[PDB]
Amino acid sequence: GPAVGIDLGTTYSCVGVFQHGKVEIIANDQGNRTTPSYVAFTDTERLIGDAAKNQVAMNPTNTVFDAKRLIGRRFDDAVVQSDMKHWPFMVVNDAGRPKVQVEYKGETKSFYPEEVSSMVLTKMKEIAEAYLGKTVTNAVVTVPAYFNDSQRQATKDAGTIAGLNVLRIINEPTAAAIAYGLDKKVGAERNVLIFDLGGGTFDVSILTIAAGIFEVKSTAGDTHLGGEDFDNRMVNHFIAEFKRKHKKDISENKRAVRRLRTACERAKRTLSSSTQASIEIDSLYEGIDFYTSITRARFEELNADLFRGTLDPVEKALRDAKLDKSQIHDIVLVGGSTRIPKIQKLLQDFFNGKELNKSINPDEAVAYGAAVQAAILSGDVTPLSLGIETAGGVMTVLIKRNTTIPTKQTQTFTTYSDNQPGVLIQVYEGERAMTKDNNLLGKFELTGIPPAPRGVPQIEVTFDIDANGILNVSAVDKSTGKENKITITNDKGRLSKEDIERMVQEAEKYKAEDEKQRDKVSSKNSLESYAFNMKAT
């Protein structure tokens, strides 16, 4: 049977299947295409999904949510320590691992974050099985791009516990791009910004896509910004309005606040499609009916700081990606909060009128991409950056990856040491800062450099790639015209698509460490006479 794509979200989860040439997002028992990531433990039963969320007020201690925040993390993590304070449920330390502790059937029980996530995955698997009419085993599960190897493995383990064979763990921004088919664009590399504003988290991701290959250039956002925050601003405003009108604070009554919050969430949805919404609550407090209205403009004023603040992570991501806003080719909206008209206007105005990709339901786009990838697994540009080793074993790129062929790139280099007799030209392929982490393709020596102080001799290195992809690397001593060259054959099938993806992924994993290595050397054009990788120490 077909594999399924699952968006394991912090607040809500979504499951989709690619069948008959089309992705179908699967509705649950109550007809909802999204299922709350909530598990509830009671004296009589365990509830997953809408049932768990509906009874949260009655059983807060035994209702678990935000397990994604704890997944793949140590208990001593500061995020876990700060996050634990907000949650009613208890978090405990077992062998350096956080666990949720709850009372189920009168017995204290402890579950690893992956175990709670496995229960949400079990419900999504059952939702898929009811729709398909067949057992579902294979799945593609999505995770935030910033997730580390531990967080990804823990998410895979949650699927394994649920009985799912997790074919691959893919980034949520990449899944959204796959849903819009940005990989199938016939032109040269494209820079894509994924603006993801969910119920509880805000994620901005910049990706570069060429030849079906995705690279995460930058990530930015707020882990604590979401639609619920917009609802809270409306609730606080209404509490103030009631207090001004009736001289009473409804904050004391928990149910009254819950009823107001429910009305505010409905009003916010109405405000996305209409310019005004009505709040009608009978007997909100002390028998006083609350009948009032809110304009879209008032809602925008209440959330003005939060809405404008979304641009700040966009600016940071662009700086980290070393890209100007003009260089973004595609913008994708993900998450329900992206429906808000003010958010769309602010992003479009920031991008100078650029159209936004919002045709796919923002709540379902990540699951849609996961479903497309699951089906693919179920059934001329340069592949890698090309460069030479500079002093310190550093990779200096002459031809960037995704460069159209044929191409010729020339750079000038100098000696690192005084009276250096020769330079060793070492050709490497890869996206890592250091040649040790890249692949050596060939080496040649240019000798007879006239004795001179360091930084004075000029050596022009040229990389020439023909249409067939054969690489010719040449070095000329500018003082004498003396030259040496190597021809590197293009071996067919040497590199698979997966091989390129692994090398790009490795660069994403070590980007912070790699940048520090780049900053270490004062000169970027200095060549030594030896191979740094073969040096002792």
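Just count from 1 along the sequence shown to find any residue number. Here the rigid core means the biggest group of C-alpha atoms that line up within 1.5 Å when the two forms are laid on top of each other.
- Stretch comparison, 364-372 versus 94-102: after rigid core superposition, larger RMS CA deviation in 7 other deposited structures of this protein is found for 94-102.
- Superposing the other copies on the rigid core and comparing 139-147 to 186-194, farther C-alpha placement in 7 other deposited structures of this protein marks 186-194.
- The segment from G379 to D380 is interrupted, since 10 or more residues of the deposited sequence in that interval carry no coordinates.
- Looking at 404-412 and 330-338 together, the entry lists the larger mean B-factor for 404-412, computed on C-alpha atoms.
- The stretch with the higher mean CA B factor, choosing between 190-198 and 113-121, is 113-121.
- Highest C-alpha temperature factor among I360, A317, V80, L440, as the PDB entry reports it: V80.
- Based on the entry's C-alpha B-factors, the most elevated value among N472, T63, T480, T35 belongs to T63.
- Among the modelled residues of its chain, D305 has a C-alpha B-factor that falls in the lowest third according to the deposited record.
- Split the chain's modelled residues into thirds by C-alpha temperature factor. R502 is in the middle one.
- Per-chain ranking of the deposited C-alpha B factor places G393 in the lowest third.
- When the CA B factors of the chain's modelled residues are split into thirds, the value for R69 lands in the highest one.
- Residue-level temperature factors show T487 in the middle third of its chain, judged at the C-alpha atom.
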